[PDB]
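Reproduced below: data.cif, with mmCIF, N, CA and C atoms.
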data_data
loop_
_atom_site.label_atom_id
_atom_site.label_comp_id
_atom_site.auth_asym_id
_atom_site.auth_seq_id
_atom_site.Cartn_x
_atom_site.Cartn_y
_atom_site.Cartn_z
N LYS Y 26 217.73 -13.12 -72.91
CA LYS Y 26 217.10 -11.92 -72.38
C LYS Y 26 217.67 -11.57 -71.01
N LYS Y 27 217.69 -10.28 -70.69
CA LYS Y 27 218.16 -9.80 -69.40
C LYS Y 27 217.06 -8.99 -68.73
N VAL Y 28 216.84 -9.26 -67.45
CA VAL Y 28 215.82 -8.58 -66.66
C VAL Y 28 216.33 -7.21 -66.22
N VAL Y 29 215.45 -6.41 -65.63
CA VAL Y 29 215.83 -5.10 -65.12
C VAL Y 29 215.58 -4.98 -63.62
N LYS Y 30 215.54 -6.11 -62.91
CA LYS Y 30 215.36 -6.27 -61.45
C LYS Y 30 214.21 -5.40 -60.92
N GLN Y 31 212.99 -5.82 -61.30
CA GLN Y 31 211.78 -5.00 -61.26
C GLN Y 31 211.39 -4.37 -59.93
N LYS Y 32 210.97 -5.15 -58.94
CA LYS Y 32 210.24 -4.54 -57.83
C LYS Y 32 210.56 -5.16 -56.48
N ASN Y 33 210.79 -4.29 -55.49
CA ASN Y 33 210.85 -4.65 -54.08
C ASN Y 33 209.50 -4.52 -53.38
N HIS Y 34 208.58 -3.74 -53.96
CA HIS Y 34 207.13 -3.71 -53.72
C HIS Y 34 206.67 -3.11 -52.40
N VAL Y 35 207.57 -2.70 -51.51
CA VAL Y 35 207.19 -2.08 -50.25
C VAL Y 35 207.69 -0.64 -50.26
N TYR Y 36 206.89 0.28 -49.75
CA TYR Y 36 207.21 1.70 -49.83
C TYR Y 36 207.38 2.30 -48.44
N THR Y 37 207.98 3.48 -48.41
CA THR Y 37 208.34 4.14 -47.17
C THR Y 37 208.55 5.62 -47.46
N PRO Y 38 208.44 6.48 -46.45
CA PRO Y 38 209.04 7.81 -46.57
C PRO Y 38 210.55 7.70 -46.64
N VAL Y 39 211.16 8.66 -47.34
CA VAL Y 39 212.60 8.61 -47.58
C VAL Y 39 213.36 8.93 -46.31
N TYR Y 40 213.19 10.16 -45.80
CA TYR Y 40 213.76 10.64 -44.54
C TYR Y 40 215.28 10.49 -44.51
N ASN Y 41 215.94 11.26 -45.39
CA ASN Y 41 217.36 11.52 -45.25
C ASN Y 41 217.52 12.19 -43.89
N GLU Y 42 218.16 11.48 -42.96
CA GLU Y 42 217.91 11.64 -41.53
C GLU Y 42 218.39 12.99 -41.00
N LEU Y 43 217.54 13.62 -40.17
CA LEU Y 43 217.83 14.95 -39.65
C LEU Y 43 218.80 14.91 -38.47
N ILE Y 44 218.43 14.24 -37.39
CA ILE Y 44 219.21 14.27 -36.16
C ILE Y 44 220.44 13.40 -36.34
N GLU Y 45 221.61 13.97 -36.08
CA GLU Y 45 222.88 13.33 -36.37
C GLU Y 45 223.47 12.71 -35.12
N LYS Y 46 224.20 11.62 -35.33
CA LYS Y 46 224.86 10.90 -34.26
C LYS Y 46 226.35 10.87 -34.53
N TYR Y 47 227.14 10.79 -33.47
CA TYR Y 47 228.58 10.75 -33.64
C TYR Y 47 228.98 9.35 -34.08
N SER Y 48 229.86 9.28 -35.06
CA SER Y 48 230.12 8.03 -35.77
C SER Y 48 231.48 7.48 -35.36
N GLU Y 49 231.51 6.71 -34.28
CA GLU Y 49 232.76 6.11 -33.82
C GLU Y 49 233.21 5.03 -34.79
N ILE Y 50 234.52 4.83 -34.88
CA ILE Y 50 235.05 3.94 -35.90
C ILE Y 50 235.18 2.56 -35.29
N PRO Y 51 234.47 1.56 -35.82
CA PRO Y 51 234.45 0.23 -35.22
C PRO Y 51 235.52 -0.70 -35.77
N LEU Y 52 236.74 -0.21 -35.91
CA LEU Y 52 237.80 -1.07 -36.42
C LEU Y 52 238.56 -1.69 -35.26
N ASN Y 53 237.82 -2.38 -34.40
CA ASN Y 53 238.38 -2.97 -33.19
C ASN Y 53 238.23 -4.48 -33.32
N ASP Y 54 239.20 -5.08 -33.99
CA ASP Y 54 239.07 -6.48 -34.38
C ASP Y 54 239.45 -7.46 -33.27
N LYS Y 55 240.73 -7.49 -32.89
CA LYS Y 55 241.15 -8.46 -31.89
C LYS Y 55 242.02 -7.82 -30.82
N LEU Y 56 242.76 -6.78 -31.18
CA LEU Y 56 243.64 -6.15 -30.22
C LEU Y 56 242.91 -5.21 -29.27
N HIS Z 169 233.95 13.38 -35.22
CA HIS Z 169 233.54 12.49 -34.14
C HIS Z 169 233.11 13.17 -32.84
N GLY Z 170 233.07 14.49 -32.75
CA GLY Z 170 232.53 15.09 -31.54
C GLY Z 170 233.49 15.83 -30.64
N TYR Z 171 233.32 17.15 -30.50
CA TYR Z 171 234.27 18.01 -29.80
C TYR Z 171 234.24 17.79 -28.29
N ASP Z 172 233.16 18.24 -27.64
CA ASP Z 172 232.74 17.80 -26.30
C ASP Z 172 233.81 17.97 -25.22
N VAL Z 173 234.48 19.12 -25.20
CA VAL Z 173 235.63 19.31 -24.32
C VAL Z 173 235.51 20.60 -23.51
N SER Z 174 235.20 20.45 -22.23
CA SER Z 174 235.15 21.54 -21.26
C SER Z 174 235.12 20.93 -19.86
N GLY Z 175 235.45 21.75 -18.87
CA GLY Z 175 235.18 21.45 -17.48
C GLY Z 175 236.11 20.45 -16.82
N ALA Z 176 236.77 19.58 -17.58
CA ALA Z 176 237.68 18.59 -17.02
C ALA Z 176 239.12 19.08 -17.00
N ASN Z 177 239.33 20.39 -16.97
CA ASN Z 177 240.66 20.95 -16.99
C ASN Z 177 241.02 21.73 -15.74
N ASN Z 178 240.04 22.22 -14.99
CA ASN Z 178 240.34 22.92 -13.75
C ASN Z 178 240.93 21.99 -12.72
N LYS Z 179 240.52 20.72 -12.75
CA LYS Z 179 241.12 19.70 -11.90
C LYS Z 179 242.58 19.48 -12.27
N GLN Z 180 242.87 19.52 -13.57
CA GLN Z 180 244.23 19.36 -14.04
C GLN Z 180 245.09 20.57 -13.68
N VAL Z 181 244.52 21.76 -13.76
CA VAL Z 181 245.23 22.97 -13.36
C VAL Z 181 245.47 22.96 -11.85
N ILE Z 182 244.52 22.41 -11.08
CA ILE Z 182 244.71 22.20 -9.65
C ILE Z 182 245.87 21.25 -9.40
N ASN Z 183 245.99 20.21 -10.23
CA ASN Z 183 247.13 19.30 -10.12
C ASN Z 183 248.45 20.00 -10.43
N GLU Z 184 248.45 20.86 -11.45
CA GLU Z 184 249.67 21.58 -11.80
C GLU Z 184 250.07 22.54 -10.69
N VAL Z 185 249.09 23.21 -10.08
CA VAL Z 185 249.44 24.13 -9.01
C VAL Z 185 249.80 23.38 -7.74
N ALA Z 186 249.34 22.14 -7.59
CA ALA Z 186 249.77 21.36 -6.43
C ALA Z 186 251.21 20.90 -6.59
N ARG Z 187 251.60 20.49 -7.81
CA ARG Z 187 253.01 20.20 -8.06
C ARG Z 187 253.86 21.46 -7.94
N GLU Z 188 253.30 22.61 -8.32
CA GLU Z 188 253.99 23.88 -8.13
C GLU Z 188 254.18 24.21 -6.66
N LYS Z 189 253.16 23.93 -5.85
CA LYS Z 189 253.24 24.13 -4.41
C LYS Z 189 254.28 23.22 -3.78
N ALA Z 190 254.37 21.98 -4.28
CA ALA Z 190 255.39 21.06 -3.77
C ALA Z 190 256.79 21.53 -4.13
N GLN Z 191 256.97 22.05 -5.35
CA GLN Z 191 258.27 22.59 -5.74
C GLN Z 191 258.63 23.82 -4.92
N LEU Z 192 257.63 24.65 -4.61
CA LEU Z 192 257.88 25.83 -3.79
C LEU Z 192 258.24 25.44 -2.36
N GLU Z 193 257.61 24.39 -1.84
CA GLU Z 193 257.96 23.93 -0.50
C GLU Z 193 259.35 23.32 -0.48
N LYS Z 194 259.76 22.65 -1.55
CA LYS Z 194 261.12 22.13 -1.63
C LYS Z 194 262.14 23.26 -1.69
N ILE Z 195 261.84 24.30 -2.47
CA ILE Z 195 262.72 25.45 -2.58
C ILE Z 195 262.83 26.18 -1.25
N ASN Z 196 261.71 26.32 -0.54
CA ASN Z 196 261.72 26.94 0.78
C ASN Z 196 262.45 26.08 1.79
N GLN Z 197 262.35 24.76 1.65
CA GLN Z 197 263.05 23.87 2.56
C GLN Z 197 264.55 23.89 2.32
N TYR Z 198 264.96 24.22 1.10
CA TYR Z 198 266.38 24.45 0.84
C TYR Z 198 266.77 25.80 1.45
N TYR Z 199 267.12 25.76 2.72
CA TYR Z 199 267.60 26.95 3.41
C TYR Z 199 268.65 26.54 4.42
N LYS Z 200 269.59 27.44 4.66
CA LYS Z 200 270.58 27.27 5.70
C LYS Z 200 270.54 28.38 6.73
N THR Z 201 269.69 29.39 6.54
CA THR Z 201 269.73 30.61 7.33
C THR Z 201 268.60 30.74 8.33
N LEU Z 202 267.41 30.24 8.03
CA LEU Z 202 266.24 30.41 8.88
C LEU Z 202 266.25 29.43 10.05
N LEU Z 203 265.08 29.20 10.64
CA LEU Z 203 264.95 28.43 11.87
C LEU Z 203 265.47 26.99 11.73
N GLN Z 204 266.36 26.63 12.64
CA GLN Z 204 266.93 25.29 12.78
C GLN Z 204 267.52 25.25 14.17
N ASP Z 205 267.07 24.31 15.00
CA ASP Z 205 267.33 24.36 16.43
C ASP Z 205 268.80 24.14 16.72
N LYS Z 206 269.41 25.11 17.39
CA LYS Z 206 270.85 25.18 17.59
C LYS Z 206 271.17 25.20 19.08
N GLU Z 207 272.45 25.38 19.39
CA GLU Z 207 272.89 25.43 20.77
C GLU Z 207 272.43 26.73 21.43
N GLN Z 208 272.65 26.80 22.74
CA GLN Z 208 272.08 27.89 23.53
C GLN Z 208 272.71 29.23 23.20
N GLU Z 209 273.99 29.23 22.82
CA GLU Z 209 274.66 30.47 22.42
C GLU Z 209 274.04 31.07 21.16
N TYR Z 210 273.60 30.23 20.23
CA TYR Z 210 272.86 30.74 19.08
C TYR Z 210 271.45 31.15 19.48
N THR Z 211 270.75 30.29 20.21
CA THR Z 211 269.32 30.46 20.37
C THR Z 211 268.96 31.60 21.32
N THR Z 212 269.79 31.87 22.33
CA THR Z 212 269.48 33.00 23.21
C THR Z 212 269.70 34.32 22.50
N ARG Z 213 270.75 34.39 21.68
CA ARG Z 213 270.95 35.55 20.82
C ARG Z 213 269.79 35.71 19.85
N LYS Z 214 269.28 34.59 19.32
CA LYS Z 214 268.14 34.61 18.40
C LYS Z 214 266.89 35.19 19.07
N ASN Z 215 266.55 34.64 20.23
CA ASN Z 215 265.36 35.07 20.96
C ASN Z 215 265.48 36.52 21.41
N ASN Z 216 266.70 36.95 21.75
CA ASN Z 216 266.92 38.35 22.08
C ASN Z 216 266.74 39.25 20.86
N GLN Z 217 267.17 38.80 19.67
CA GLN Z 217 266.99 39.66 18.50
C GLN Z 217 265.52 39.78 18.14
N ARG Z 218 264.78 38.68 18.26
CA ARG Z 218 263.33 38.72 18.07
C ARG Z 218 262.66 39.70 19.03
N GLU Z 219 263.03 39.65 20.31
CA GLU Z 219 262.32 40.45 21.31
C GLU Z 219 262.67 41.93 21.19
N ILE Z 220 263.97 42.25 21.13
CA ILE Z 220 264.42 43.63 20.99
C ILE Z 220 263.94 44.21 19.66
N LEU Z 221 263.78 43.37 18.66
CA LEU Z 221 263.34 43.82 17.36
C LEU Z 221 261.84 44.04 17.29
N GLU Z 222 261.05 43.24 17.99
CA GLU Z 222 259.63 43.54 18.04
C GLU Z 222 259.40 44.85 18.78
N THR Z 223 260.22 45.13 19.80
CA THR Z 223 260.17 46.45 20.42
C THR Z 223 260.64 47.54 19.47
N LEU Z 224 261.62 47.24 18.60
CA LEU Z 224 262.09 48.24 17.65
C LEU Z 224 261.06 48.53 16.57
#
structure tokens encoding of this file:
Amino acid sequence: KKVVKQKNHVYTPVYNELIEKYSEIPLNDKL
Amino acid sequence: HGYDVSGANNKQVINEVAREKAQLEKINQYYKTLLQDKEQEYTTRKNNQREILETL
């Protein structure tokens, strides 16, 4: 038998976020 | 990632016009004809041309 990964059980408002932030690229590894 | 570009260019234009002013002073300093302190035969004739010419 295979499960269907039932429940995380905690709820929230969705809020696809309104106020936007500038998204700097964090590809700063060692150099 | 954010435009955010104004106001930091008048300082740069001031820098460009200061380099322009330096080039203009170099060009003005390249002269052989204007004021350069000479012997008395030159300078008395010079001062006389200034004086007679201000009267003219």
- Output of the PyMOL selection byres ((chain Y) within 6.5 of (chain Z)), listed as a list in words: residues 47, 48 and 49 of chain Y
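Note that the spacing between CA of residue 216 (chain Z) and CA of residue 203 (chain Z) amounts to 14.4 Å.
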- Select from chain Z everything DSSP, run on the backbone, classes as alpha helix (DSSP H), then give the selection as a ChimeraX atom specification. /Z:178-197,208-223
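Rounded to one decimal, atom C of residue 46 (chain Y) and CA of residue 172 (chain Z) lie 12.5 Å from each other.
Note that CA of residue 214 (chain Z) and CA of residue 195 (chain Z) are 23.5 Å apart.
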